[PDB]
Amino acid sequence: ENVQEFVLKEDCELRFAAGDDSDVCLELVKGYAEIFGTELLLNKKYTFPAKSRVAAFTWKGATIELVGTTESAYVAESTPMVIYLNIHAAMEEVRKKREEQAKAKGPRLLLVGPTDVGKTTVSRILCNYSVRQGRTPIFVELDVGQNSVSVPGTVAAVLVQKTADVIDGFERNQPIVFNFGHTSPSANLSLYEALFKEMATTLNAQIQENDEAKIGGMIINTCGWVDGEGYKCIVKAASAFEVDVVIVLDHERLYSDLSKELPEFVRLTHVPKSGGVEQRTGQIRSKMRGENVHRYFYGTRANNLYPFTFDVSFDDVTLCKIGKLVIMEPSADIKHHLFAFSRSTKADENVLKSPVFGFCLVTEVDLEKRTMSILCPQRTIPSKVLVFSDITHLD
């Protein structure tokens, strides 16, 4: 209940972090402002939980109130927001040109760069800006570590029809989700690459049946792995998704290399990272993976989910594992692991390329009763083919 007031000139952003113990309430009291591309409503109170990192930007100028203990709060005057806006502008230009020559295929954009340069944040701003233009782009999440669509260990895609919630991020409206099963692509690089392609193939077939999605195009977020084998992932992602535009954030050498390698038709743009982007340690990142898993089952402060715990007979499910498909015996070592419900009706070669229904968490294993307790988003298992993930979570 301490109060801070901020006057933001045009093209300025208030960056703040909520206290370690404290909620911070933000209210726009004059003008117009947006948080990572989502417009703030005048006088609406936005409660951010402890440790939240937030940036509120304004094009024309704003006055903003914060109520609560903050670790840091300052106004920055020079951001790359204009750059990020012109990227959206050029995408929409491409949409119109292709519309006037047509079903029109929307432009596809790949965001690349090392850890903590703001690829996710920029993907969010671009998705929001497209929605505010009246478009429905497809957001494609290839980061199996820091995943904003599903649990970690997935490659996923979602049609974006609403701007992100300011506090909770995007609504996960019926995502297409593939179970990769690891927090980094180097754990099985060829499987990771096969999922890209199966994802790209699936999306190409789906947009055939939906013109809005088709002209919406794609914003594709990669992980921060740019060196060695990560570089080749970028080239194969570019190719498999047939991208028109590669945005490289804060990596001149990557940009140089990609310019010499990509098809000449590919427009490549190097842009700086924002001064507000925060370096995150392995610990913080591990904690964020845990909170992602937690959110998948329980939702948010704003939007609670109510997941079911029940027992499942080992005679009613087949547990399997990728690394080719192998059938698993119920064992004590599956405890705390995620399992994906495979859309594939049988435990065969189709599992590898099949998207999934969702996940459960194995909370207990009773070997003698031949049962396991699972946490599950629904009352009854949506599939009897359960695919192992190396991601674990103590609840």
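Residue numbers here begin at 1 and follow the sequence given.
Peer 1: Would you class the number of unmodelled deposited residues between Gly323 and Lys324 as none, 1 to 3, 4 to 9, or 10 or more?
Peer 2: The entry leaves 10 or more residues without coordinates here.
Peer 1: Are any deposited residues left out of the model between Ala102 and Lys103, and how many (none, 1 to 3, 4 to 9, 10 or more)?
Peer 2: Missing in between: 4 to 9 residues.
Peer 1: Return whichever of 383-391 and 367-375 has the greater mean Cα B factor according to the PDB record.
Peer 2: On average, C-alpha B-factors are higher across 367-375.
Peer 1: Going by the B-factors listed in the PDB entry, is the mean over the C-alpha atoms higher for 30-38 or for 46-54?
Peer 2: The deposited B-factors put 46-54 ahead on the C-alpha mean.
Peer 1: Based on what the PDB entry reports, which of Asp250, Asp165, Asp316, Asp143 has the top C-alpha B-factor?
Peer 2: Of the candidates given, the C-alpha B-factor peaks at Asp316.
Peer 1: Whose CA atom has the top B-factor in the entry, of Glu291, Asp244, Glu261, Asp116?
Peer 2: Comparing C-alpha B-factors across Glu291, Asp244, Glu261, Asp116, the top value belongs to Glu261.
Peer 1: Sorting the chain's modelled residues by C-alpha B-factor, tell me whether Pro152 ends up in the lowest, middle or highest third.
Peer 2: Ranked within chain, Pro152 CA B lands in the lowest tercile.
Peer 1: Using the B-factors in the PDB entry, rank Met328's C-alpha atom against the chain and give the third, lowest, middle or highest.
Peer 2: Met328: CA B-factor falls in the highest third of its chain.
Peer 1: Can you tell me whether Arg295 has a C-alpha B-factor in the lowest, middle or highest third compared with the other modelled residues of the same chain?
Peer 2: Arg295: CA B-factor falls in the middle third of its chain.
Peer 1: Pull the Cα B-factor of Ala347 out of the PDB entry and bin it into the chain's lowest, middle or highest third.
Peer 2: Highest third.
Peer 1: Where does the C-alpha B-factor of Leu14 rank in its chain, lowest, middle or highest third?
Peer 2: Ranked within chain, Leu14 CA B lands in the lowest tercile.
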